[PDB]
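As structure tokens, the next two blocks hold two forms of the same chain, structure 1 and structure 2.
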Structure 1
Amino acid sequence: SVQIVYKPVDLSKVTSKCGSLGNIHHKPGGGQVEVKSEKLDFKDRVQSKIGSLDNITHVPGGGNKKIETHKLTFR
């Protein structure tokens, strides 16, 4: 006989407080990018960037993350 009981209990807090958030300046001075390739072959589950001059300002008021995997395998 097999009995499997899977009862995780989660009471977690992920939390932040900020009084104020601001006066943020992102002022990048350009630039130059060159890429040479011949053949690209991309297959299962690829994340790729080639030849980029990207500027990102990311200012979340919270920006909190919780990541949670439950896996049960029986054979």
Structure 2
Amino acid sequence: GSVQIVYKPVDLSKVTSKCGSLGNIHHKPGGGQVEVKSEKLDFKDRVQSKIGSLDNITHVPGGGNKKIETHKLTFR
């Protein structure tokens, strides 16, 4: 026997923003506090952690648009 695989996907796709102005943005949080206590940490085989992380962010992109795309073909 025999096999033909033809794979021809098309995007004419668009992702877009139009905006006049980003105005006035004030970010004024009051002062926080964090405390943590433990005795042992013991991590094995593919581990992530975050411990004790007081964190303030202002993020004002003039458009933050995106496209995420994937293709897979597998044959056996």
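Counting starts at 1 and follows the sequence of structure 1. The term rigid core refers to the most C-alpha atoms you can superpose between the two forms while keeping them within 1.5 Å.
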Given a core-based superposition, decide whether the C-alpha of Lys27 shifts by 2 Å or more between structures 1 and 2. no
Superposed on rigid core, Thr15 CA travels between structures 1 and 2 a distance in Å of 0.1
Expressed in angstrom, the C-alpha movement of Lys49 between structures 1 and 2 on a rigid core superposition is 2.4
Between-form comparison on the rigid core puts the Cα shift of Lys39 between structures 1 and 2, in Å, at 4.0
